[PDB]
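Worksheet: the structure to be examined is printed underneath.
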Amino acid sequence: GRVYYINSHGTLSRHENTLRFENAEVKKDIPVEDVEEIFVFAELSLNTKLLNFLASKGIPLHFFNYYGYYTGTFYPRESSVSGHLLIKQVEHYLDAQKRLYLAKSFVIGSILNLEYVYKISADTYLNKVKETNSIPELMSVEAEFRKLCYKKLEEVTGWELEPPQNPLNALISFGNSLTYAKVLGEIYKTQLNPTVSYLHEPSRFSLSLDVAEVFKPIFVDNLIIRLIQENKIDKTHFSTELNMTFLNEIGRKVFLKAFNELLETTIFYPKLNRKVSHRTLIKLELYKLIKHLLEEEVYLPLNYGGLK
Amino acid sequence: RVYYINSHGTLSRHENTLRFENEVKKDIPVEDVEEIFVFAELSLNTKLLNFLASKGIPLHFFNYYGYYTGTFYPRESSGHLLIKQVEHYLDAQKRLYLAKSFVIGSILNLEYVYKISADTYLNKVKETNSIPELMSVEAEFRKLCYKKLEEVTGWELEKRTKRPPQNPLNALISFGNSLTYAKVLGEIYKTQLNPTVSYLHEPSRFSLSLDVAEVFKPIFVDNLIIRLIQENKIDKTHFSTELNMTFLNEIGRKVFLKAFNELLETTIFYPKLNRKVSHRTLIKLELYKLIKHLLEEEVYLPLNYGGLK
Amino acid sequence: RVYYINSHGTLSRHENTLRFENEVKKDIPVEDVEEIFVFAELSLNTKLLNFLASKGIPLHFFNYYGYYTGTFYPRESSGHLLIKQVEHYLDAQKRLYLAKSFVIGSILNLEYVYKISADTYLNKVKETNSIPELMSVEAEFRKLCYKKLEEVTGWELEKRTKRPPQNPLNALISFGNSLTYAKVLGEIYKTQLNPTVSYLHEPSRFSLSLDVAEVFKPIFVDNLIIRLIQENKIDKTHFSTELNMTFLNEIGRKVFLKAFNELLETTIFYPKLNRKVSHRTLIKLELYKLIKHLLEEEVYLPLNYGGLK
Amino acid sequence: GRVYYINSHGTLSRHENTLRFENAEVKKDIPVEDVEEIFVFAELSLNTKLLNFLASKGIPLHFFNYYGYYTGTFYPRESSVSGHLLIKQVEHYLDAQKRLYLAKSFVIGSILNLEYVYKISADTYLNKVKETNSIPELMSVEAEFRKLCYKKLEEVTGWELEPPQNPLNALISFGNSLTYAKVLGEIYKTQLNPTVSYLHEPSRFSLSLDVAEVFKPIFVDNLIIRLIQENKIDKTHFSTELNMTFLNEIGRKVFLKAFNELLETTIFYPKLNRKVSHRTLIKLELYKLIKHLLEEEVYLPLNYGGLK
């Protein structure tokens with residue numbers, strides 16, 4: 001378990017070249033070598049001695065408040081920088097034709113994966129994408145198919161779908177933020193700059209937003225459907241306080257355990273003739289993008305259905 | 001607009017503002033803060049971070065010596081500059097203009113330091129049509145300066161050597177250059193400019209610090225070296241030679257480091273501001289000029305140190 | 001085939017051969033010489049040069065310490081390699097193969113030094129499809145090694161820092177790396193390979209020395225550092241820290257330099273040659289492998305130091 | 001006079017950060033700062049202290065023997081290197097289409113300048129160049145026009161033209177070598193590698209051979225015609241010894257003075273709205289090539305006639 005999740009209130013610190021979490025009930029040492037990223041969901045006291053240490057090991061920290069609302073990320077000083085790649089990233093944005101191809105690829109990845117999850121024909125939508133030259137249009141089309149899938153999510157779950165006013169909306173927002181953060185963490189480990197995107201305007205980490213479009217159906221929608229239909233997540237995993245409905249502590253733990261188990265679940269990847277983790281699919285997707293920006297190979301979005 | 005934290009302590013949310021404690025307890029109106037830079041050891045918690053996120057205020061962390069460790073980026077911070085930076089690189093014409101500007105600044109300031117007429121070389125710079133050609137002209141003027149450096153000091157230079165420096169002068173130049181690149185990079189990190197995008201030097205780590213330093217090296221390195229040697233503050237006993245390698249010793253580094261820092265802290269009248277600013281601030285002001293240039297606001301003109309006397 | 005001049009003296013034409021004098025007077029059959037490398041102070045004249053030109057023999061000049069100064073090139077010397085070098089760079093597939101080879105050599109030798117199983121990472125290297133991806137894997141294994149370096153020495157590392165080194169270990173790594181790049185470059189200049197063309201590192205000064213050094217750094221730097229620290233030859237008194245900068249002092253440099261040179265002079269049995277060669281010669285042998293690779297003769301395989309024990 | 005010519009037997013050495021030439025009759029100090037290149041035509045004693053000094057100032061040394069025969073050059077360690085440019089130089093050679101364009105441009109530059117000097121129509125030859133795709137053919141065509149011009153050189157001078165067996169052949173060889181050397185010296189000052197060419201095979205400094213093709217008509221043919229017709233060079237400036245005819249000492253000095261005065265003669269250069277030296281035309285030609293290799297501007301060979 002390379003990703004570390006903190007669900008208890010306490011103090012996180014650097015202790016003898018390792019991490020230490022402590023509160024009134026516990027004091028555990030966590031070898032910083034087995035930690036690649038940290039998600040924080042509780043009240044935590046920390047200091048620069050800790051942050052400078054995490055920065056040194058290249059460990060991003062993601063924060064979520066009482067309501068499970070993602071508030072921000074401690075993004076460490078970059079480990080590896082590539083001026084060439086950076087130029088190419090921006091070049092593919094400045095050139096309308098290059099940017100269009102990428103903007104479309106991300107939308108296609110999103111539609112294809114939503115189609116796999118919701119089993120709704122996307123041919124009509126994919127056709128519009130193939131025929132337009134307007135990025136704003138692509139967005140419009142993607143939002144149209146996304147809307148269709150939300151209407152179906154509501155039917156397949158039986159939960160009402162509309163700041164989350166409903167348990168389902170809470171689940172969607174929580175899963176989406178977890179995905180945005182996880183993707184951001186993967187971008188950090190590469191030479192890619194997280195602010196240069198092609199679908200979404202470059203602001204906010206726009207590249208994470210673009211890439212997450214391809215993965216959200218897998219880490220969010222699909223997981224939510226299974227958790228609700230298999231009765232893993234139910235109405236007792238949510239709370240409504242001051243007209244604020246949110247995934248609570250117990251529910252948050254159920255979802256995170258499911259999210260992390262999915263991240264670590266392996267799947268056969270033809271190109272490597274071996275099974276890779278879902279987390280690795282994100283990494284591999286980033287390297288496919290990099291190779292595209294380097295003009296070495298055309299970028300094709302992950303067609304998750306094809307691996308199943 | 002920007003809040004700098006230079007002392008160790010604790011930062012937290014108190015009521016609806018920020019509070020710093022350590023001896024001293026100070027409330028800081030958050031309504032004014034756009035960004036917070038931390039240059040000291042700090043204790044904080046999620047209550048503080050979530051509060052900053054709610055206000056859209058990023059929190060930049062640096063260790064005591066200025067080494068950047070990372071930034072807490074709010075979900076929604078209240079990348080245009082980056083695009084503009086690369087834009088002026090991709091457009092060969094825009095790139096060449098900036099590359100020439102840094103060289104012109106280097107030449108103008110070497111002129112002030114060495115007192116070698118730059119009139120003809122500045123015109124030659126204007127005439128070049130590519131970066132390679134531009135560099136050849138810079139190398140020519142640079143050669144005239146190193147020759148004079150040998151004459152005004154009486155020390156051997158012969159040729160610029162860096163791997164490794166073959167004599168005291170090259171050892172001093174390398175040390176001074178390093179201190180200058182670091183100082184400039186430090187100022188860059190205090191702005192929104194990405195340090196990886198340069199125009200004179202090839203971007204392919206922090207190339208922008210190299211470009212901007214061209215304008216300041218004559219003042220922080222050449223000029224200082226000449227002063228220290230002629231005033232007998234740096235002499236032959238401040239160096240150690242191993243085989244073909246010459247190194248500035250401990251005592252030597254301290255002497256130079258101290259003078260460098262004192263120079264950076266020295267103030268000088270800045271007309272446009274109608275007040276005296278330190279030499280470090282001149283770097284910031286130079287970066288501000290580059291930004292306004294990249295933003296299509298006002299054309300970048302290199303610092304003509306001599307104009308400030 | 002190649003004649004090396006390592007002692008000071010006079011080189012001239014005598015009858016129809018070469019003659020070196022200084023104490024000693026030696027005639028050198030020119031019929032055997034293809035190239036002449038000079039590593040000492042030499043006196044000569046045009047009669048000698050015209051004679052070498054007539055035979056088509058180039059005369060390469062280096063100062064006593066190995067610094068290349070220039071070459072007397074005959075009108076007709078009796079650039080194919082250069083074309084082949086760039087050819088393997090332009091072909092992304094050929095470049096990637098070479099970049100992976102140097103990384104594999106680095107990993108194999110770090111494995112021998114740190115005793116950390118490289119099996120999985122070597123397979124990951126094989127799977128990468130681009131230089132950026134390849135570098136990420138190298139960085140991963142490198143991280144495991146620096147962690148162990150801290151454990152087997154008890155000294156702080158925390159992270160690789162170079163501008164400037166923030167602690168003794170980084171100061172030693174930077175010094176050792178520098179000595180290694182120089183040593184490798186020196187061997188490159190003794191071959192016909194252009195030092196500017198690399199595959200792992202971006203060509204855009206002497207990038208090839210950087211690539212090839214990846215294979216030797218674990219042996220000449222990491223391994224030596226560990227040995228010197230564990231045997232108490234290099235300790236805390238061999239360093240000086242200024243603010244955030246840590247430097248290896250005079251005594252420290254001498255100790256390390258001496259050990260480095262002694263290591264390079266150490267011999268080890270080389271199976272394919274069925275004899276013992278120095279560690280410096282292993283570099284030359286590695287360059288020979290690269291050349292035969294670039295000439296489409298035999299595929300380049302990095303040096304697996306452990307295989308030599 | 002940045003170029004230095006040594007026509008007396010002696011010793012050249014470094015003396016107090018300057019150069020010193022000495023023999024039995026003289027001892028002069030030459031500030032190394034005013035020296036950019038040195039051509040040697042007499043017996044000279046030298047050492048590494050001198051060569052390492054010249055290398056430091058980036059001063060190439062060209063050697064010529066008793067017969068005025070160019071024997072070689074001391075090419076110093078490069079002052080400025082550019083890995084990018086080097087890649088681009090070889091790239092334009094490896095790619096048949098890129099190499100063809102350059103191979104043709106050099107031949108065109110040669111034919112156009114020979115045409116200006118000899119006043120012989122080259123349309124027929126230029127047409128063949130424009131229609132072929134064979135570099136060997138280009139050479140064949142260039143050699144054909146070159147042959148025509150030699151036949152005319154013989155008529156316009158009245159000197160017989162054929163190791164130089166005739167005074168005219170001696171002049172041509174001497175001037176050609178001086179040009180090859182001078183061009184090599186200009187290449188040294190740039191980031192260009194002298195061994196990568198497009199017309200001539202990359203060996204020998206093939207790039208100097210290519211570029212010299214464009215300039216030889218100006219520094220050799222044209223100068224020879226004027227020197228002979230104006231009676232500056234005559235039969236007493238040559239010697240025949242052991243069936244070896246060569247430009248002798250007095251003649252060598254007449255030619256070198258003429259060659260150097262031409263190098264320093266200025267000519268109006270529209271693009272700069274000012275007059276530049278002929279030596280600068282060589283430099284400018286190299287930068288035109290560099291800009292072409294960098295994919296910034298198409299390379300067009302110097303049309304000397306156009307500046308007159």
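Chain labels A, B, ... are given in the sequence in which chains occur in the structure tokens; within each chain residues are numbered consecutively from 1, and ligands are likewise numbered from 1 in the order shown.
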Least-squares superpose chain A on chain D across all ordered C-alpha pairs, then write out what you get as a compact mmCIF listing (two decimals) with C-alpha atoms, in the first residue's frame.
# COMPACT_ATOMS: atom_id res chain seq x y z
CA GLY A 1 45.50 43.16 -40.12
CA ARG A 2 44.03 40.35 -38.04
CA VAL A 3 45.54 37.61 -40.24
CA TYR A 4 49.29 37.18 -39.72
CA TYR A 5 51.60 35.81 -42.42
CA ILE A 6 55.10 34.52 -41.64
CA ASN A 7 57.41 34.60 -44.65
CA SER A 8 60.74 34.48 -42.80
CA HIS A 9 62.57 31.55 -41.24
CA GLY A 10 62.64 31.73 -37.45
CA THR A 11 61.19 30.83 -34.06
CA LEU A 12 57.65 31.66 -32.99
CA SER A 13 56.97 31.67 -29.27
CA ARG A 14 54.81 32.94 -26.44
CA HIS A 15 56.54 35.80 -24.64
CA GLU A 16 54.93 37.66 -21.74
CA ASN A 17 51.33 37.07 -22.85
CA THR A 18 52.23 38.00 -26.41
CA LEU A 19 53.78 36.44 -29.50
CA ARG A 20 57.41 36.87 -30.46
CA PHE A 21 59.02 36.08 -33.79
CA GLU A 22 62.80 35.78 -33.80
CA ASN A 23 65.67 34.78 -36.07
CA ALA A 24 69.21 36.13 -36.50
CA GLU A 25 68.14 39.41 -38.10
CA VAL A 26 65.10 40.33 -36.00
CA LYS A 27 63.10 40.00 -32.80
CA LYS A 28 59.61 41.48 -32.85
CA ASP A 29 56.76 41.29 -30.35
CA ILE A 30 53.31 40.78 -31.81
CA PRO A 31 50.32 41.49 -29.52
CA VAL A 32 48.37 38.24 -29.73
CA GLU A 33 45.17 40.26 -29.40
CA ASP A 34 45.50 41.62 -32.95
CA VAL A 35 46.08 38.12 -34.35
CA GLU A 36 43.15 35.97 -35.44
CA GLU A 37 44.92 33.45 -37.64
CA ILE A 38 48.48 32.63 -38.74
CA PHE A 39 49.73 31.37 -42.11
CA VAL A 40 53.29 29.98 -42.11
CA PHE A 41 55.36 29.86 -45.31
CA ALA A 42 58.91 29.41 -43.97
CA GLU A 43 60.95 27.18 -41.66
CA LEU A 44 59.64 27.73 -38.14
CA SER A 45 60.67 26.37 -34.74
CA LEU A 46 57.87 26.20 -32.18
CA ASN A 47 56.79 24.41 -28.99
CA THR A 48 53.72 23.40 -26.98
CA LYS A 49 54.00 26.49 -24.79
CA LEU A 50 53.26 28.43 -27.98
CA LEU A 51 50.55 26.10 -29.32
CA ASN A 52 48.71 25.92 -26.00
CA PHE A 53 48.81 29.74 -25.98
CA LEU A 54 47.43 30.04 -29.51
CA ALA A 55 44.76 27.47 -28.65
CA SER A 56 43.76 29.65 -25.70
CA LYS A 57 43.24 32.65 -27.94
CA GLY A 58 41.50 30.55 -30.58
CA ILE A 59 44.16 31.10 -33.23
CA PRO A 60 44.50 28.47 -35.97
CA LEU A 61 47.92 28.01 -37.65
CA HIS A 62 48.21 27.00 -41.32
CA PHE A 63 51.45 25.54 -42.74
CA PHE A 64 52.94 25.67 -46.24
CA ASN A 65 56.26 24.05 -47.24
CA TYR A 66 59.23 25.25 -49.31
CA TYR A 67 57.25 24.79 -52.55
CA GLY A 68 54.26 26.77 -51.26
CA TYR A 69 52.40 23.51 -50.80
CA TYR A 70 49.79 23.55 -48.00
CA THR A 71 50.76 20.74 -45.61
CA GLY A 72 48.30 21.05 -42.75
CA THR A 73 46.66 23.11 -40.03
CA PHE A 74 46.96 23.31 -36.26
CA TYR A 75 43.24 23.36 -35.46
CA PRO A 76 42.77 24.48 -31.82
CA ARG A 77 40.37 23.00 -29.28
CA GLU A 78 36.92 24.39 -30.20
CA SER A 79 35.92 27.59 -28.38
CA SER A 80 32.15 27.16 -28.62
CA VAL A 81 30.32 23.88 -29.14
CA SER A 82 26.64 23.33 -29.87
CA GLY A 83 25.31 19.80 -29.68
CA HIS A 84 22.04 20.89 -31.25
CA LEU A 85 23.69 22.48 -34.29
CA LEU A 86 25.95 19.43 -34.69
CA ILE A 87 22.90 17.17 -34.81
CA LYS A 88 21.27 19.43 -37.40
CA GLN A 89 24.47 19.46 -39.52
CA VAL A 90 24.47 15.68 -39.76
CA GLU A 91 20.69 15.53 -40.11
CA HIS A 92 20.87 17.65 -43.29
CA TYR A 93 23.42 15.17 -44.62
CA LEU A 94 21.61 11.95 -43.71
CA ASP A 95 18.37 13.16 -45.26
CA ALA A 96 18.78 12.84 -49.05
CA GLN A 97 16.38 15.72 -49.79
CA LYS A 98 18.04 18.14 -47.36
CA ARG A 99 21.53 17.18 -48.52
CA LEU A 100 20.57 17.58 -52.17
CA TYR A 101 19.39 21.13 -51.64
CA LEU A 102 22.68 22.10 -50.00
CA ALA A 103 24.85 20.19 -52.47
CA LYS A 104 23.11 22.10 -55.27
CA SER A 105 23.35 25.48 -53.54
CA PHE A 106 27.13 25.18 -53.24
CA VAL A 107 27.49 24.21 -56.90
CA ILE A 108 25.20 27.08 -57.87
CA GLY A 109 27.27 29.49 -55.80
CA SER A 110 30.40 28.26 -57.57
CA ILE A 111 28.95 28.47 -61.08
CA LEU A 112 27.39 31.89 -60.51
CA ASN A 113 30.65 33.31 -59.22
CA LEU A 114 32.78 31.72 -61.93
CA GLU A 115 30.30 33.18 -64.43
CA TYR A 116 30.80 36.64 -62.91
CA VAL A 117 34.58 36.34 -63.15
CA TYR A 118 34.95 34.72 -66.58
CA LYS A 119 31.82 36.20 -68.17
CA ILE A 120 30.76 32.86 -69.64
CA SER A 121 27.05 31.99 -69.82
CA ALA A 122 26.12 29.37 -67.23
CA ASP A 123 22.39 29.07 -67.97
CA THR A 124 22.89 25.71 -69.65
CA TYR A 125 24.81 24.44 -66.63
CA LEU A 126 22.48 25.95 -64.06
CA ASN A 127 19.62 24.24 -65.89
CA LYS A 128 21.27 20.83 -65.55
CA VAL A 129 21.76 21.43 -61.82
CA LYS A 130 18.08 22.34 -61.42
CA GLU A 131 17.02 19.16 -63.22
CA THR A 132 19.22 16.54 -61.57
CA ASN A 133 18.82 14.61 -58.31
CA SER A 134 22.30 13.10 -58.36
CA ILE A 135 24.99 14.74 -56.25
CA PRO A 136 27.64 12.99 -58.38
CA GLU A 137 25.98 14.59 -61.41
CA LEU A 138 26.11 18.04 -59.80
CA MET A 139 29.84 17.49 -59.35
CA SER A 140 30.12 16.38 -62.97
CA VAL A 141 28.31 19.51 -64.14
CA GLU A 142 30.29 21.84 -61.87
CA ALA A 143 33.52 20.25 -63.10
CA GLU A 144 32.33 20.84 -66.65
CA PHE A 145 31.80 24.57 -66.15
CA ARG A 146 34.99 24.74 -64.07
CA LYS A 147 36.83 23.18 -67.03
CA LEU A 148 35.39 25.77 -69.41
CA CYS A 149 36.59 28.58 -67.17
CA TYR A 150 40.11 27.16 -66.95
CA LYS A 151 40.32 27.12 -70.74
CA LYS A 152 39.37 30.79 -70.68
CA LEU A 153 41.77 31.64 -67.84
CA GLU A 154 44.54 30.32 -70.09
CA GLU A 155 43.41 32.59 -72.96
CA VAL A 156 42.88 35.74 -70.90
CA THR A 157 46.31 35.40 -69.28
CA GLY A 158 48.43 34.04 -72.11
CA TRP A 159 49.93 31.55 -69.66
CA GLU A 160 49.96 27.82 -70.39
CA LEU A 161 47.67 25.73 -68.20
CA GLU A 162 48.04 22.00 -67.59
CA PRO A 163 52.05 18.88 -58.83
CA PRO A 164 52.20 22.24 -60.71
CA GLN A 165 54.18 21.94 -63.95
CA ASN A 166 53.23 25.47 -65.02
CA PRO A 167 53.29 28.87 -63.26
CA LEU A 168 49.52 29.26 -63.77
CA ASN A 169 48.79 25.88 -62.17
CA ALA A 170 50.99 26.92 -59.27
CA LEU A 171 49.04 30.14 -58.79
CA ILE A 172 45.70 28.28 -58.88
CA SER A 173 46.81 25.65 -56.35
CA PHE A 174 48.31 28.27 -54.02
CA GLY A 175 45.23 30.47 -54.12
CA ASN A 176 42.90 27.50 -53.68
CA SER A 177 44.78 26.26 -50.58
CA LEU A 178 44.85 29.76 -49.10
CA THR A 179 41.09 29.85 -49.59
CA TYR A 180 40.51 26.42 -48.07
CA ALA A 181 42.60 27.44 -45.04
CA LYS A 182 40.98 30.85 -44.65
CA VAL A 183 37.52 29.31 -44.83
CA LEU A 184 38.56 26.64 -42.29
CA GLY A 185 39.67 29.45 -39.98
CA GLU A 186 36.27 31.10 -40.31
CA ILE A 187 34.51 27.81 -39.57
CA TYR A 188 36.62 27.46 -36.42
CA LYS A 189 35.19 30.70 -35.01
CA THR A 190 31.62 29.39 -35.44
CA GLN A 191 29.80 26.50 -33.78
CA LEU A 192 29.95 24.50 -37.04
CA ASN A 193 31.93 21.24 -37.18
CA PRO A 194 34.33 21.37 -40.21
CA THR A 195 33.99 17.69 -41.18
CA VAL A 196 30.29 17.54 -42.10
CA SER A 197 29.57 18.52 -45.71
CA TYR A 198 26.86 18.08 -48.37
CA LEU A 199 28.49 18.39 -51.80
CA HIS A 200 31.82 16.70 -51.04
CA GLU A 201 31.65 13.46 -49.05
CA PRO A 202 32.47 13.92 -45.33
CA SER A 203 36.10 12.80 -45.84
CA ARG A 204 40.04 16.30 -44.44
CA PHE A 205 37.74 19.22 -43.72
CA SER A 206 34.90 18.64 -46.15
CA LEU A 207 32.85 21.63 -44.99
CA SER A 208 35.71 23.96 -45.83
CA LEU A 209 35.87 22.33 -49.28
CA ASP A 210 32.13 22.92 -49.82
CA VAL A 211 32.10 26.55 -48.72
CA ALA A 212 35.38 27.36 -50.49
CA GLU A 213 33.68 26.35 -53.76
CA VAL A 214 31.60 29.51 -53.45
CA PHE A 215 34.55 31.81 -52.72
CA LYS A 216 37.46 30.48 -54.79
CA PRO A 217 36.38 32.35 -57.92
CA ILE A 218 36.66 35.59 -55.96
CA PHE A 219 39.88 35.01 -53.99
CA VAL A 220 41.67 32.97 -56.64
CA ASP A 221 40.59 33.22 -60.29
CA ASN A 222 39.65 36.90 -60.20
CA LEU A 223 42.79 37.85 -58.27
CA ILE A 224 45.05 35.85 -60.58
CA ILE A 225 43.56 37.46 -63.69
CA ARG A 226 44.13 40.96 -62.30
CA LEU A 227 47.62 40.22 -61.00
CA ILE A 228 48.79 38.84 -64.34
CA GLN A 229 47.05 41.38 -66.59
CA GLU A 230 48.21 44.31 -64.45
CA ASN A 231 51.73 42.87 -64.50
CA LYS A 232 51.94 42.41 -60.70
CA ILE A 233 52.79 38.71 -61.03
CA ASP A 234 55.08 37.58 -63.86
CA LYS A 235 57.45 34.77 -64.82
CA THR A 236 60.16 35.93 -62.39
CA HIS A 237 57.83 35.13 -59.46
CA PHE A 238 58.13 31.41 -60.17
CA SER A 239 60.96 28.90 -60.00
CA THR A 240 61.46 25.46 -61.46
CA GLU A 241 63.69 23.15 -59.45
CA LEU A 242 63.97 19.40 -60.01
CA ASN A 243 61.09 19.53 -62.51
CA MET A 244 59.02 21.25 -59.80
CA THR A 245 57.51 24.61 -60.77
CA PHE A 246 56.31 26.69 -57.85
CA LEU A 247 55.48 30.20 -56.73
CA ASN A 248 58.68 31.39 -55.04
CA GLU A 249 59.40 33.77 -52.15
CA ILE A 250 59.01 37.14 -53.88
CA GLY A 251 56.00 35.94 -55.85
CA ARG A 252 54.47 34.39 -52.75
CA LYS A 253 54.70 37.79 -51.05
CA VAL A 254 53.09 39.59 -53.99
CA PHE A 255 50.19 37.16 -54.01
CA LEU A 256 49.71 37.14 -50.23
CA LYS A 257 49.70 40.92 -50.06
CA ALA A 258 47.07 40.92 -52.82
CA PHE A 259 45.08 38.13 -51.14
CA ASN A 260 45.12 39.90 -47.76
CA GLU A 261 44.24 43.30 -49.21
CA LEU A 262 41.24 41.63 -50.88
CA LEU A 263 40.24 39.95 -47.61
CA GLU A 264 40.23 43.38 -45.98
CA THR A 265 38.64 45.27 -48.88
CA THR A 266 35.11 46.35 -47.96
CA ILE A 267 32.01 46.07 -50.13
CA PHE A 268 28.44 47.35 -49.70
CA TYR A 269 26.15 44.71 -48.19
CA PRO A 270 22.48 45.77 -48.67
CA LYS A 271 21.14 43.66 -45.79
CA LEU A 272 23.32 45.60 -43.32
CA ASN A 273 23.15 48.95 -45.12
CA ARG A 274 26.92 49.23 -44.73
CA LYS A 275 30.14 47.98 -46.31
CA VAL A 276 31.65 44.78 -44.93
CA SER A 277 35.03 43.14 -45.54
CA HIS A 278 35.36 40.17 -47.89
CA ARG A 279 36.47 38.16 -44.89
CA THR A 280 33.13 39.03 -43.29
CA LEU A 281 31.33 37.72 -46.40
CA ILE A 282 32.74 34.28 -45.55
CA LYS A 283 31.57 34.60 -41.95
CA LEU A 284 28.13 35.79 -43.04
CA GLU A 285 27.89 32.89 -45.48
CA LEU A 286 28.53 30.49 -42.60
CA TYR A 287 25.80 32.07 -40.52
CA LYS A 288 23.41 31.82 -43.46
CA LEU A 289 24.20 28.10 -43.50
CA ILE A 290 23.73 27.80 -39.74
CA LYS A 291 20.33 29.51 -39.92
CA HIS A 292 19.39 27.05 -42.67
CA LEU A 293 20.45 24.04 -40.60
CA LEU A 294 18.46 25.44 -37.68
CA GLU A 295 15.39 25.45 -39.98
CA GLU A 296 15.04 29.23 -39.59
CA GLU A 297 15.76 30.50 -43.09
CA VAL A 298 16.51 28.97 -46.48
CA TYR A 299 20.17 29.07 -47.52
CA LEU A 300 20.97 30.98 -50.70
CA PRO A 301 24.60 31.00 -51.92
CA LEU A 302 26.52 34.26 -52.20
CA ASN A 303 25.95 35.80 -55.64
CA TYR A 304 29.06 37.98 -55.67
CA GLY A 305 28.12 39.58 -58.96
CA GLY A 306 25.10 41.03 -57.20
CA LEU A 307 27.25 43.01 -54.77
CA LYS A 308 29.31 44.56 -57.54
Review point. When the cut-off is 8 Å and we count only C-alpha atoms, which residues of chain B are near chain C, given as a list in words?
Key: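 The complete set of qualifying residues is residues 65, 163, 178, 182, 202, 204, 240, 242, 243, 244, 249, 250 and 254 of chain B.
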For the selection you just gave me, I'd like the residues written to a file as a short mmCIF file (atom, residue, chain, number, x, y, z; two decimals), in the first residue's frame, keeping N, CA, C and O atoms.
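File written: result.cif
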data_model
loop_
_atom_site.label_atom_id
_atom_site.label_comp_id
_atom_site.auth_asym_id
_atom_site.auth_seq_id
_atom_site.Cartn_x
_atom_site.Cartn_y
_atom_site.Cartn_z
N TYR B 65 17.25 28.91 4.33
CA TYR B 65 18.22 29.43 3.37
C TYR B 65 17.66 29.79 2.00
O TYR B 65 18.41 30.24 1.13
N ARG B 163 35.98 23.15 -15.76
CA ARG B 163 35.93 21.76 -15.36
C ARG B 163 37.29 21.07 -15.43
O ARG B 163 37.53 20.21 -16.29
N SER B 178 28.16 31.20 -9.59
CA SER B 178 27.25 30.32 -8.86
C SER B 178 26.38 31.09 -7.88
O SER B 178 25.18 30.87 -7.83
N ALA B 182 22.18 31.53 -8.17
CA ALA B 182 21.34 31.19 -7.02
C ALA B 182 20.51 32.39 -6.58
O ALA B 182 19.30 32.27 -6.36
N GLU B 202 19.57 27.48 -23.97
CA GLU B 202 18.60 26.47 -24.37
C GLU B 202 17.88 25.91 -23.14
O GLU B 202 18.53 25.40 -22.23
N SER B 204 16.34 23.23 -22.60
CA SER B 204 16.70 21.83 -22.38
C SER B 204 18.07 21.61 -21.75
O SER B 204 18.15 20.85 -20.76
N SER B 240 43.88 27.15 -3.25
CA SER B 240 44.60 25.89 -3.13
C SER B 240 44.56 25.21 -4.49
O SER B 240 43.50 25.09 -5.10
N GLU B 242 45.33 21.74 -6.66
CA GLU B 242 45.57 20.30 -6.64
C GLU B 242 45.79 19.89 -8.10
O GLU B 242 44.89 20.02 -8.92
N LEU B 243 46.98 19.40 -8.42
CA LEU B 243 47.26 19.00 -9.79
C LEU B 243 46.93 20.13 -10.76
O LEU B 243 47.68 21.10 -10.87
N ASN B 244 45.81 20.01 -11.46
CA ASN B 244 45.38 21.02 -12.42
C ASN B 244 44.15 21.77 -11.93
O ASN B 244 43.59 22.61 -12.65
N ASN B 249 39.74 28.61 -1.03
CA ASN B 249 39.68 27.96 0.27
C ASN B 249 38.62 28.56 1.18
O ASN B 249 37.95 29.53 0.83
N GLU B 250 38.46 27.95 2.35
CA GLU B 250 37.47 28.38 3.34
C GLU B 250 37.52 29.88 3.61
O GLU B 250 36.52 30.58 3.48
N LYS B 254 34.63 32.75 2.51
CA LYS B 254 34.00 33.61 3.50
C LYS B 254 34.16 35.07 3.11
O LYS B 254 33.20 35.84 3.13
#
Practice item. Check segment 153-300 of chain C with DSSP on the backbone and list each residue it calls strand (DSSP E), as a PyMOL selection string. Key: chain C and resi 239-242+245-248+267-270+275-278
Review point. Could you write out, as a ChimeraX atom specification, all the residues of segment 61-202 of chain C that DSSP marks as helix (DSSP H, G or I)?
Key: /C:80-90,92-114,119-127,131-153,168-189
Practice item. Identify, on the basis of only C-alpha atoms, every residue whose closest approach to residue 229 of chain B does not exceed 12 Å; exclude the query and any residue fewer than 2 positions from it along the same chain; express the result as a list in words. Key: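 With the cut-off at 12 Å, the set is residues 149, 150, 151, 152, 153, 154, 155, 168, 169, 172, 221, 222, 223, 224, 225, 226, 227, 231, 232, 233, 234, 235, 236, 237, 238, 252, 255 and 256 of chain B.
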